[PDB]
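As structure tokens, one chain now follows by itself in the form deposited in one PDB entry.
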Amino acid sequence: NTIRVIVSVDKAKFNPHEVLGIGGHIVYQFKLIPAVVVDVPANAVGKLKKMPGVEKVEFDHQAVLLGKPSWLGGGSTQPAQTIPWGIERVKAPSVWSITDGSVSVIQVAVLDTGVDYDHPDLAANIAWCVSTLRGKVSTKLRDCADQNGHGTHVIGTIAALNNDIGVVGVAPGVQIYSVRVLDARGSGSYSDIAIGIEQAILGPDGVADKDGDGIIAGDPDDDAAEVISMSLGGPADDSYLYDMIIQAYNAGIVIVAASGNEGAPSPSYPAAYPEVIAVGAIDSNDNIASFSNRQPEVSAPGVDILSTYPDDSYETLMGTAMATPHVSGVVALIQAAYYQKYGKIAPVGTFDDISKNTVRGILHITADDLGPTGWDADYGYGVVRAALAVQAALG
């Protein structure tokens, strides 16, 4: 009988009781942007628009996961640790002796279906679990656990442990925050995904900048993530969500997102935003996958990708969702190594960037440039390479 909407407001004029008085419900008041997620009856949407302090009324759109089980491969047919082909393709393993991600100030937030937080090849890296489903922020593990599989697979491509079992991530020492914004079927509301972005900025302690110095990502006094990774996509561009992507970007957080799997001519949202790295998928032959949405920023392995899967298991998945965490891994290695040497993180940088002084510039100039020379609509700048990116970072 009610509909979910996201109102952008003037905080000094807006009275939430007025929503309540028209038979509405306050779902979530954002700490970092001037907006509130509310449920209202249909009849009331008109009233909302007129109420004092309400500047925009946006409806709640849907995004979905961007990984599916592979047509080809299977599980980890081997009790030893396997290095999935993708981890090698992005030249991660040689980097680990310089850093594997385990620099204390670095956390990577993965906004997905949740995580199997007990998985033996993941657990020691899972630093915090949260769920924002239906706009209720929960840190009960039973609410944060993965009921799909996809988030556990994505998290394993970034950070599965480097040991003698399972698989291994691009950044196998990096601390992960699993932020569950998608349900058991892989579907999520934009309102929950924006709440998840907020949570990755706030971190475990619920405060963005606890010491007031204006540094959030790359402040060891705070517990903000440095990378937000979204292996998901929807078709709408909404102002409140972009407002949140901007808060994370201004916080110094690198945001990375799947381009989409529809062979479409451009990326889905939030990948399509300027402030987000859109990632396409290649296969084990260096061909762009036919399903990969075009004009990404970079590309990475996304076909026939073995990783962790719930109940202490392993599965082979495909999609731009699988490509995304390879790039999130590489970004974590860049920021870890950058901080380890300089005692701060590097700036995020722009889509455009070709300087060795920003994360995005480094990723671009060190990518393996495939297909047409330079940036192209299939590969973007090319396949990310961690070993070269770290060398560029420290140079």
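In case it trips you up, residue 1 is the first one in the sequence shown, and so on.
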| item | value |
| --- | --- |
| Higher-scoring stretch by recorded Cα B factor average, 290 to 298 or 150 to 158 | 290 to 298 |
| 198 to 206 versus 175 to 183 - which carries the larger mean C-alpha B factor in the record | 198 to 206 |
| Residue with highest C-alpha B-factor in the PDB entry, from 306, 144, 228, 72 | 72 |
| Top residue by Cα temperature factor, when 358, 328, 335, 62 are compared in the entry | 358 |
| Chain-relative CA temperature factor third for residue 235 | middle |
| Residue 116 by Cα B-factor - lowest, middle or highest third of the modelled chain | lowest |
| Third assignment of residue 192 from its chain's C-alpha B-factors | lowest |
| Third of the chain's Cα B-factor distribution that residue 79 belongs to, per the entry | highest |
| Third assignment of residue 66 from its chain's C-alpha B-factors | lowest |
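Form deposited with a partner chain bound: not shown, discussed below.
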property: Triplet 223, 255 and 274 all within 4.5 Å of its partner chain in the entry with it bound via a heavy atom; result: no
property: Option from 156 to 164, 87 to 95, 185 to 193, 172 to 180 whose residues, in the entry with it bound, bring a heavy atom within 4.5 Å of its partner chain; result: 185 to 193
property: Close approach of residue 304 to its partner chain in the entry with it bound, 4.5 Å, heavy atom; result: no
property: Touches its partner chain in the entry with it bound: residue 263 (any heavy atom, 4.5 Å); result: no
property: Its partner chain contact in the entry with it bound: residue 210, any heavy atom under 4.5 Å; result: no
property: Residue contact check: residue 218 to its partner chain in the entry with it bound, 4.5 Å heavy atom; result: no
property: Sole residue of 102, 284, 239, 313 within 4.5 Å of its partner chain in the entry with it bound, by heavy atom; result: 239
property: Listed residue that, although its partner chain is not shown, lies within 4.5 Å of it in the entry with it bound (heavy atoms), from 127, 137, 145, 289; result: 137
